>>> print(open('protein-v8.tsv').read())   # TSV, N, CA and C atoms and all ligand atoms
chain	number	residue	atom	x	y	z
A	2	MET	N	0.82	-1.27	0.00
A	2	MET	CA	0.00	0.00	0.00
A	2	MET	C	0.85	1.31	0.00
A	3	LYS	N	0.34	2.32	-0.73
A	3	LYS	CA	0.99	3.62	-0.80
A	3	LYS	C	0.73	4.43	0.52
A	4	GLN	N	-0.37	4.20	1.22
A	4	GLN	CA	-0.59	4.84	2.54
A	4	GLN	C	0.59	4.47	3.50
A	5	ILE	N	0.98	3.20	3.50
A	5	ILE	CA	2.08	2.71	4.36
A	5	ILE	C	3.44	3.33	3.89
A	6	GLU	N	3.66	3.35	2.58
A	6	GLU	CA	4.88	3.92	1.98
A	6	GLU	C	5.01	5.38	2.40
A	7	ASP	N	3.91	6.11	2.29
A	7	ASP	CA	3.84	7.52	2.66
A	7	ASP	C	4.10	7.69	4.17
A	8	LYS	N	3.60	6.77	5.00
A	8	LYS	CA	3.94	6.86	6.42
A	8	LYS	C	5.39	6.66	6.73
A	9	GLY	N	6.05	5.74	6.02
A	9	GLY	CA	7.48	5.52	6.04
A	9	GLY	C	8.28	6.77	5.76
A	10	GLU	N	7.85	7.46	4.71
A	10	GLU	CA	8.42	8.74	4.37
A	10	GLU	C	8.32	9.73	5.46
A	11	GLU	N	7.16	9.89	6.09
A	11	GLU	CA	6.96	10.82	7.18
A	11	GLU	C	7.82	10.51	8.42
A	12	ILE	N	7.86	9.20	8.72
A	12	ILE	CA	8.75	8.75	9.76
A	12	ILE	C	10.20	9.09	9.55
A	13	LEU	N	10.71	8.81	8.35
A	13	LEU	CA	12.06	9.18	7.99
A	13	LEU	C	12.33	10.62	8.15
A	14	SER	N	11.36	11.46	7.70
A	14	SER	CA	11.51	12.88	7.88
A	14	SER	C	11.69	13.38	9.30
A	15	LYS	N	10.93	12.75	10.24
A	15	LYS	CA	11.16	13.00	11.65
A	15	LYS	C	12.53	12.58	12.20
A	16	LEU	N	13.06	11.46	11.68
A	16	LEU	CA	14.39	11.02	12.03
A	16	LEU	C	15.44	11.99	11.54
A	17	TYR	N	15.29	12.61	10.34
A	17	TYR	CA	16.22	13.61	9.95
A	17	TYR	C	16.18	14.84	10.84
A	18	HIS	N	14.99	15.25	11.23
A	18	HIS	CA	14.81	16.31	12.17
A	18	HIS	C	15.52	16.06	13.50
A	19	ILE	N	15.36	14.81	14.03
A	19	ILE	CA	16.07	14.38	15.21
A	19	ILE	C	17.60	14.48	15.05
A	20	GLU	N	18.09	14.04	13.88
A	20	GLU	CA	19.52	14.12	13.61
A	20	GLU	C	19.97	15.58	13.61
A	21	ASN	N	19.16	16.47	13.08
A	21	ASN	CA	19.57	17.87	13.14
A	21	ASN	C	19.61	18.41	14.55
A	22	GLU	N	18.68	18.00	15.40
A	22	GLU	CA	18.67	18.38	16.78
A	22	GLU	C	19.95	17.92	17.50
A	23	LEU	N	20.30	16.66	17.24
A	23	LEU	CA	21.44	16.07	17.84
A	23	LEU	C	22.73	16.81	17.39
A	24	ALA	N	22.79	17.18	16.12
A	24	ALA	CA	23.97	17.90	15.54
A	24	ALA	C	24.16	19.16	16.38
A	25	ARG	N	23.09	19.87	16.63
A	25	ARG	CA	23.13	21.09	17.51
A	25	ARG	C	23.56	20.83	18.95
A	26	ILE	N	23.07	19.73	19.54
A	26	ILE	CA	23.33	19.41	20.90
A	26	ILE	C	24.78	18.98	21.06
A	27	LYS	N	25.31	18.26	20.06
A	27	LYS	CA	26.73	17.81	20.08
A	27	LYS	C	27.68	19.06	20.09
A	28	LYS	N	27.32	20.09	19.34
A	28	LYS	CA	28.09	21.33	19.34
A	28	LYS	C	27.95	22.08	20.65
A	29	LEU	N	26.74	22.18	21.20
A	29	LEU	CA	26.56	22.80	22.51
A	29	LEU	C	27.46	22.14	23.57
A	30	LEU	N	27.71	20.85	23.39
A	30	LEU	CA	28.43	20.03	24.35
A	30	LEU	C	29.90	19.96	23.91
A	31	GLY	N	30.27	20.82	23.01
A	31	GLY	CA	31.61	20.79	22.50
A	31	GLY	C	32.09	19.49	21.90
A	32	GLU	N	31.24	18.52	21.62
A	32	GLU	CA	31.75	17.37	20.86
A	32	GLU	C	32.28	17.81	19.51
B	2	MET	N	-4.33	-3.77	8.10
B	2	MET	CA	-3.98	-2.35	7.95
B	2	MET	C	-4.43	-1.50	9.12
B	3	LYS	N	-5.55	-1.80	9.76
B	3	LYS	CA	-5.94	-1.03	10.97
B	3	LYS	C	-4.84	-1.15	12.07
B	4	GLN	N	-4.25	-2.34	12.19
B	4	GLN	CA	-3.16	-2.59	13.15
B	4	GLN	C	-1.85	-1.87	12.80
B	5	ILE	N	-1.49	-1.92	11.54
B	5	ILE	CA	-0.33	-1.18	11.03
B	5	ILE	C	-0.55	0.33	11.36
B	6	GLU	N	-1.78	0.78	11.22
B	6	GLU	CA	-2.15	2.17	11.48
B	6	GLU	C	-1.98	2.52	12.91
B	7	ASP	N	-2.32	1.60	13.78
B	7	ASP	CA	-2.13	1.83	15.18
B	7	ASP	C	-0.59	1.89	15.44
B	8	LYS	N	0.19	0.98	14.84
B	8	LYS	CA	1.67	1.03	15.03
B	8	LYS	C	2.25	2.33	14.45
B	9	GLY	N	1.78	2.77	13.28
B	9	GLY	CA	2.15	4.11	12.69
B	9	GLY	C	1.88	5.26	13.63
B	10	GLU	N	0.72	5.30	14.28
B	10	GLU	CA	0.37	6.31	15.29
B	10	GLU	C	1.24	6.31	16.57
B	11	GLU	N	1.57	5.09	17.05
B	11	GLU	CA	2.34	4.94	18.21
B	11	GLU	C	3.78	5.41	17.89
B	12	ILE	N	4.24	5.03	16.75
B	12	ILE	CA	5.59	5.47	16.31
B	12	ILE	C	5.69	6.98	16.17
B	13	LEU	N	4.73	7.58	15.49
B	13	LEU	CA	4.79	9.09	15.37
B	13	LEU	C	4.70	9.76	16.68
B	14	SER	N	3.90	9.23	17.60
B	14	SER	CA	3.75	9.69	18.98
B	14	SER	C	5.05	9.70	19.67
B	15	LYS	N	5.75	8.61	19.51
B	15	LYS	CA	7.06	8.54	20.14
B	15	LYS	C	8.05	9.48	19.49
B	16	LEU	N	8.00	9.63	18.15
B	16	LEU	CA	8.92	10.50	17.53
B	16	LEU	C	8.74	11.99	18.02
B	17	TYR	N	7.46	12.43	18.05
B	17	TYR	CA	7.22	13.76	18.52
B	17	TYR	C	7.77	13.91	19.93
B	18	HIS	N	7.59	12.89	20.81
B	18	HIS	CA	8.08	12.96	22.13
B	18	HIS	C	9.57	13.18	22.17
B	19	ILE	N	10.30	12.33	21.41
B	19	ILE	CA	11.74	12.41	21.31
B	19	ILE	C	12.19	13.77	20.79
B	20	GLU	N	11.54	14.28	19.69
B	20	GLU	CA	11.86	15.57	19.18
B	20	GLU	C	11.72	16.61	20.28
B	21	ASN	N	10.63	16.56	21.05
B	21	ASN	CA	10.40	17.56	22.09
B	21	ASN	C	11.40	17.44	23.26
B	22	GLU	N	11.74	16.20	23.63
B	22	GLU	CA	12.74	16.01	24.63
B	22	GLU	C	14.09	16.56	24.23
B	23	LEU	N	14.52	16.43	22.97
B	23	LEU	CA	15.76	16.93	22.42
B	23	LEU	C	15.73	18.44	22.29
B	24	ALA	N	14.51	18.96	22.02
B	24	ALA	CA	14.35	20.45	21.91
B	24	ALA	C	14.52	21.07	23.27
B	25	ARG	N	14.01	20.42	24.31
B	25	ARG	CA	14.14	20.90	25.70
B	25	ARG	C	15.61	20.84	26.07
B	26	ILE	N	16.31	19.71	25.74
B	26	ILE	CA	17.75	19.64	26.01
B	26	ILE	C	18.56	20.70	25.31
B	27	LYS	N	18.34	20.95	24.02
B	27	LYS	CA	19.05	22.00	23.30
B	27	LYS	C	18.79	23.39	23.99
B	28	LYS	N	17.56	23.63	24.38
B	28	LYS	CA	17.12	24.94	25.02
B	28	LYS	C	17.85	25.14	26.35
B	29	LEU	N	17.86	24.10	27.16
B	29	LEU	CA	18.58	24.09	28.44
B	29	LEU	C	20.08	24.22	28.25
B	30	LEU	N	20.70	23.52	27.31
B	30	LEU	CA	22.13	23.66	27.07
B	30	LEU	C	22.47	25.09	26.60
B	31	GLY	N	21.67	25.67	25.69
B	31	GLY	CA	21.88	27.04	25.20
B	31	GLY	C	21.73	28.13	26.27
B	32	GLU	N	20.94	27.84	27.28
B	32	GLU	CA	21.07	28.51	28.52
B	32	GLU	C	22.26	27.78	29.14
C	2	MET	N	0.05	-6.45	5.23
C	2	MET	CA	1.09	-7.53	5.45
C	2	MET	C	1.64	-7.58	6.91
C	3	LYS	N	1.90	-8.81	7.37
C	3	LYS	CA	2.46	-9.04	8.71
C	3	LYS	C	4.00	-8.71	8.70
C	4	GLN	N	4.70	-8.84	7.58
C	4	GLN	CA	6.11	-8.40	7.50
C	4	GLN	C	6.22	-6.89	7.87
C	5	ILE	N	5.30	-6.08	7.33
C	5	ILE	CA	5.28	-4.63	7.59
C	5	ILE	C	4.93	-4.36	9.09
C	6	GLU	N	3.93	-5.08	9.60
C	6	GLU	CA	3.48	-4.95	10.99
C	6	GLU	C	4.65	-5.25	11.92
C	7	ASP	N	5.36	-6.33	11.63
C	7	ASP	CA	6.52	-6.76	12.39
C	7	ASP	C	7.65	-5.70	12.30
C	8	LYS	N	7.82	-5.07	11.14
C	8	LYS	CA	8.79	-3.98	11.08
C	8	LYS	C	8.46	-2.79	11.92
C	9	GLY	N	7.18	-2.43	11.99
C	9	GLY	CA	6.62	-1.43	12.87
C	9	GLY	C	6.95	-1.67	14.33
C	10	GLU	N	6.75	-2.92	14.73
C	10	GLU	CA	7.13	-3.35	16.05
C	10	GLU	C	8.56	-3.15	16.34
C	11	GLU	N	9.47	-3.54	15.44
C	11	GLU	CA	10.90	-3.37	15.62
C	11	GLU	C	11.33	-1.89	15.73
C	12	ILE	N	10.72	-1.09	14.84
C	12	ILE	CA	10.92	0.33	14.92
C	12	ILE	C	10.55	0.94	16.25
C	13	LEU	N	9.36	0.61	16.74
C	13	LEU	CA	8.92	1.05	18.04
C	13	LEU	C	9.85	0.69	19.12
C	14	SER	N	10.34	-0.57	19.08
C	14	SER	CA	11.30	-0.99	20.06
C	14	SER	C	12.59	-0.19	20.15
C	15	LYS	N	13.10	0.22	18.96
C	15	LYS	CA	14.21	1.16	18.92
C	15	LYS	C	13.93	2.55	19.50
C	16	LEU	N	12.70	3.05	19.30
C	16	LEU	CA	12.27	4.30	19.89
C	16	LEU	C	12.20	4.20	21.39
C	17	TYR	N	11.77	3.06	21.99
C	17	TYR	CA	11.83	2.94	23.40
C	17	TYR	C	13.25	2.95	23.94
C	18	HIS	N	14.14	2.27	23.24
C	18	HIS	CA	15.54	2.30	23.56
C	18	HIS	C	16.12	3.71	23.57
C	19	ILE	N	15.78	4.50	22.52
C	19	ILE	CA	16.15	5.90	22.46
C	19	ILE	C	15.63	6.70	23.66
C	20	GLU	N	14.37	6.45	24.03
C	20	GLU	CA	13.79	7.13	25.19
C	20	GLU	C	14.56	6.76	26.45
C	21	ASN	N	14.98	5.52	26.57
C	21	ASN	CA	15.77	5.19	27.75
C	21	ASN	C	17.11	5.89	27.77
C	22	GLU	N	17.75	6.04	26.62
C	22	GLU	CA	18.98	6.76	26.51
C	22	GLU	C	18.83	8.22	26.96
C	23	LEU	N	17.75	8.83	26.46
C	23	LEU	CA	17.47	10.19	26.75
C	23	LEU	C	17.22	10.37	28.28
C	24	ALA	N	16.51	9.42	28.87
C	24	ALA	CA	16.19	9.47	30.34
C	24	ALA	C	17.52	9.57	31.07
C	25	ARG	N	18.47	8.75	30.70
C	25	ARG	CA	19.84	8.80	31.29
C	25	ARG	C	20.59	10.11	31.07
C	26	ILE	N	20.49	10.67	29.86
C	26	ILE	CA	21.18	11.85	29.49
C	26	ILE	C	20.60	13.04	30.22
C	27	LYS	N	19.27	13.06	30.39
C	27	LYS	CA	18.57	14.15	31.12
C	27	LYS	C	19.07	14.20	32.61
C	28	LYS	N	19.28	13.03	33.20
C	28	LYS	CA	19.81	12.96	34.56
C	28	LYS	C	21.27	13.38	34.61
C	29	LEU	N	22.09	12.94	33.66
C	29	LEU	CA	23.48	13.40	33.60
C	29	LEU	C	23.57	14.93	33.55
C	30	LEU	N	22.55	15.55	32.95
C	30	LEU	CA	22.51	16.98	32.70
C	30	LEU	C	21.71	17.64	33.83
C	31	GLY	N	21.49	16.91	34.88
C	31	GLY	CA	20.70	17.43	35.95
C	31	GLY	C	19.31	17.91	35.61
C	32	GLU	N	18.76	17.63	34.44
C	32	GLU	CA	17.34	17.98	34.26
C	32	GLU	C	16.48	17.24	35.27
D	2	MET	N	5.90	-3.33	-2.16
D	2	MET	CA	6.56	-3.84	-0.95
D	2	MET	C	8.08	-3.75	-1.03
D	3	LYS	N	8.69	-3.89	-2.19
D	3	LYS	CA	10.16	-3.70	-2.28
D	3	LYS	C	10.55	-2.25	-1.85
D	4	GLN	N	9.71	-1.28	-2.21
D	4	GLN	CA	9.91	0.13	-1.84
D	4	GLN	C	9.72	0.40	-0.33
D	5	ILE	N	8.67	-0.16	0.21
D	5	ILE	CA	8.41	-0.11	1.66
D	5	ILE	C	9.65	-0.70	2.39
D	6	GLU	N	10.21	-1.76	1.82
D	6	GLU	CA	11.37	-2.43	2.38
D	6	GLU	C	12.57	-1.57	2.38
D	7	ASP	N	12.72	-0.80	1.31
D	7	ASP	CA	13.82	0.11	1.25
D	7	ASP	C	13.58	1.22	2.32
D	8	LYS	N	12.35	1.72	2.46
D	8	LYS	CA	12.06	2.74	3.51
D	8	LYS	C	12.28	2.15	4.92
D	9	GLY	N	11.86	0.91	5.15
D	9	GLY	CA	12.15	0.17	6.43
D	9	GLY	C	13.63	0.09	6.74
D	10	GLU	N	14.47	-0.23	5.77
D	10	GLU	CA	15.94	-0.25	5.91
D	10	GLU	C	16.60	1.12	6.21
D	11	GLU	N	16.08	2.18	5.54
D	11	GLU	CA	16.59	3.48	5.70
D	11	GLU	C	16.22	3.95	7.13
D	12	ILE	N	15.02	3.67	7.50
D	12	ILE	CA	14.57	4.03	8.87
D	12	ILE	C	15.37	3.34	9.96
D	13	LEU	N	15.55	2.04	9.82
D	13	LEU	CA	16.38	1.33	10.87
D	13	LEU	C	17.78	1.81	10.90
D	14	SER	N	18.35	2.14	9.75
D	14	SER	CA	19.68	2.74	9.58
D	14	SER	C	19.78	3.99	10.36
D	15	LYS	N	18.78	4.81	10.20
D	15	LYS	CA	18.80	6.06	10.94
D	15	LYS	C	18.62	5.84	12.43
D	16	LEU	N	17.76	4.88	12.83
D	16	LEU	CA	17.57	4.67	14.21
D	16	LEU	C	18.91	4.21	14.92
D	17	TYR	N	19.58	3.23	14.27
D	17	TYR	CA	20.84	2.79	14.83
D	17	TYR	C	21.77	3.98	14.96
D	18	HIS	N	21.83	4.88	13.96
D	18	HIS	CA	22.67	6.02	14.02
D	18	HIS	C	22.39	6.87	15.23
D	19	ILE	N	21.09	7.21	15.40
D	19	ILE	CA	20.63	8.01	16.52
D	19	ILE	C	20.96	7.35	17.85
D	20	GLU	N	20.69	6.01	17.99
D	20	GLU	CA	21.03	5.30	19.18
D	20	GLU	C	22.51	5.47	19.47
D	21	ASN	N	23.36	5.31	18.46
D	21	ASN	CA	24.81	5.39	18.67
D	21	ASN	C	25.27	6.82	19.02
D	22	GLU	N	24.67	7.82	18.37
D	22	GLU	CA	24.97	9.17	18.72
D	22	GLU	C	24.62	9.51	20.15
D	23	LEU	N	23.49	9.02	20.70
D	23	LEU	CA	23.03	9.22	22.05
D	23	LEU	C	23.89	8.44	23.03
D	24	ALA	N	24.39	7.29	22.55
D	24	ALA	CA	25.28	6.45	23.43
D	24	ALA	C	26.60	7.16	23.60
D	25	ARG	N	27.10	7.80	22.55
D	25	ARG	CA	28.36	8.56	22.60
D	25	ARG	C	28.14	9.74	23.53
D	26	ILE	N	26.99	10.47	23.39
D	26	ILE	CA	26.71	11.57	24.32
D	26	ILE	C	26.62	11.15	25.77
D	27	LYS	N	25.91	10.07	26.10
D	27	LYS	CA	25.83	9.59	27.46
D	27	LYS	C	27.27	9.25	28.00
D	28	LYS	N	28.07	8.63	27.17
D	28	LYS	CA	29.49	8.19	27.53
D	28	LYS	C	30.35	9.41	27.85
D	29	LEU	N	30.28	10.40	26.98
D	29	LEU	CA	30.98	11.67	27.17
D	29	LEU	C	30.47	12.43	28.39
D	30	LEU	N	29.17	12.53	28.62
D	30	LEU	CA	28.65	13.20	29.81
D	30	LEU	C	29.10	12.47	31.09
D	31	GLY	N	29.05	11.13	31.12
D	31	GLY	CA	29.48	10.34	32.27
D	31	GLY	C	30.98	10.45	32.60
D	32	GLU	N	31.77	10.73	31.59
D	32	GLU	CA	33.04	11.32	31.79
D	32	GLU	C	32.66	12.78	32.03
A	101	CL	CL	11.42	9.21	1.40
A	102	CL	CL	4.38	-3.60	19.27
>>> encode(input="protein-v8.tsv", output="structure tokens", more="lines below")
Ligand SMILES: [Cl-]
Ligand SMILES: [Cl-]
Amino acid sequence: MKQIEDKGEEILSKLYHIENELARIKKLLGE
Amino acid sequence: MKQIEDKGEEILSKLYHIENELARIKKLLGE
Amino acid sequence: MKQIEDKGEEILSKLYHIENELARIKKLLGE
Amino acid sequence: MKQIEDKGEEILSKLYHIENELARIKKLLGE
């Protein structure tokens, strides 16, 4: 189903957002 | 598919939670 | 499909793991 | 389903990444 495929996409998009958050936090922490 | 939908909802729920927890951490570190 | 349902489950399980990591990090940071 | 499978793989890939990034942060904070 394309509804499921589309949900996969949305999920992935949230994971990229999380990775951007982490990139910021790693710099705040001087990593 | 109704079950997959429930798993899709639970997953997005958790993702938003994680995003918000990381946003609170970034906010606190920036202070 | 049950293959997709089972993948949903695995994904969720990783999100719980992430939440546990975060719980630890929030305490390290005195939140 | 082959496409959903590729999205499932990309998602798990990202999750492992995030888990490892958070593990490195917890390790560094505990030092
Ligand atoms: Cl995509
Ligand atoms: Cl489950």
>>> residues_around(input="protein-v8.tsv", residues="segment 7-24 of chain C", least_positions_apart="2", cutoff="8 Å", atoms="only N, CA and C atoms", output="PyMOL selection string")
(chain B and resi 5+8-9+11-12+15-16+18-19+22-23) or (chain C and resi 2-5+26-29) or (chain D and resi 9+12-13+16-17+19-20+23-24+27)
>>> calpha_fit_rmsd(input="protein-v8.tsv", fixed="chain C", moving="chain D")
1.4 Å
>>> atom_distance(input="protein-v8.tsv", atom1="atom CA of residue 25 of chain D", atom2="atom CA of residue 25 of chain C")
12.2 Å
>>> atom_distance(input="protein-v8.tsv", atom1="atom C of residue 6 of chain D", atom2="atom N of residue 6 of chain C")
11.8 Å
>>> atom_distance(input="protein-v8.tsv", atom1="atom CA of residue 32 of chain D", atom2="atom CA of residue 32 of chain B")
21.2 Å
